[PDB]
Amino acid sequence: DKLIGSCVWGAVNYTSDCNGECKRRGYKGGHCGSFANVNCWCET
């Protein structure tokens with residue numbers, strides 16, 4: 001898995017489409033996965 005952005009919803013790096021972005025990086029899937037949604041992890 002790999003980090004491609006945050007998940008705080010306010011910082012200058014939130015990924016609304018974590019997977020869309022992940023795919024855009026050649027990955028296969030990604031989404032939030034922490035406490036109170038703070039980081040977006042990919043499944044590289």
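Residues numbered from 1 in each chain as written, not as in the entry; some residues may be left out. Heavy atoms only, no water.

This entry, as listed in the PDB, derives from solution NMR.

Whenever I open this one, the packing of aromatic side chains confuses me. Can you help?
Each aromatic ring pair is described using two quantities: the centre-to-centre distance and the angle formed by the ring planes. Taken as a whole and judged by the stated rule, the model has 1 aromatic pair. Geometrically, the ring pair formed by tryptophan 9 and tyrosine 14 is tilted, given 5.8 Å between the ring centres and 50° between the ring planes. On the accessibility criterion, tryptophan 9 (66% relative accessible area) is exposed. (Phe/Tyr/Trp six-rings, centres within 6.5 Å; stacked < 30°, edge-to-face > 60°. Buried < 20%, exposed > 50% of the residue type's maximum accessible area, 1.4 Å probe, protein only.)

Even after reading the chapter, I still don't get the pairing of strand 3 (residues 39–42), so can you show me in this structure?
Along a regular strand, successive side chains alternate from one face of the sheet to the other. Of the two faces of strand 3, the one lined by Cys40 and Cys42 is fully buried and the one lined by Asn39 and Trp41 carries no buried residue. Sheet topology note: the strand 1 (residues 2–6)/strand 3 ladder contains 4 bridges and is antiparallel. Within strand 3, the residue paired with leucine 3 across the bridge is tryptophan 41. (Helix = DSSP H or I, 4+ residues; strand = E, 2+ residues; numbered from the N terminus. Pairing = 2+ DSSP bridges.)

For this particular structure, what's the right way to read the UniProt feature "disulfide bond" in the protein chain?
With 2.0 Å between their sulfur atoms, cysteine 7 and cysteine 32 do form the disulfide that UniProt assigns to them. Taken together, the residues span a long stretch of sequence, with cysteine 7 in the loop between strand 1 and helix 1 (18–24) and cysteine 32 in strand 2 (residues 30–32) at a distance of 25 residues. Only sulfur pairs under 2.5 Å apart are read as disulfides, and the UniProt pair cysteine 22 and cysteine 42, at 2.0 Å, is one of them here. Here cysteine 22, found in helix 1, pairs with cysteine 42, found in strand 3; they are 20 residues apart in sequence, far enough to count as distant. (Disulfide = S-S within 2.5 Å. UniProt positions renumbered as here; feature names shortened; annotations may be inferred.)

Just to check I follow, could you spell out the environment of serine 6 for this structure?
You can see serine 6 is positioned in strand 1. Sequence spacing of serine 6 and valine 38 is 32 residues, and the spatial spacing of their C-alpha atoms is 5.6 Å. Leaving out residues up to four positions away in the same chain, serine 6 has contacts with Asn13, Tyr14, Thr15, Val38, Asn39 and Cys40. Within polar-contact distance, the side chain of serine 6 engages the backbone nitrogen of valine 8 at 3.3 Å. (Contact = heavy atoms within 4.5 Å. Polar contact = N/O pair within 3.5 Å; in protein donor to acceptor, adjacent residues only side chain to side chain.)

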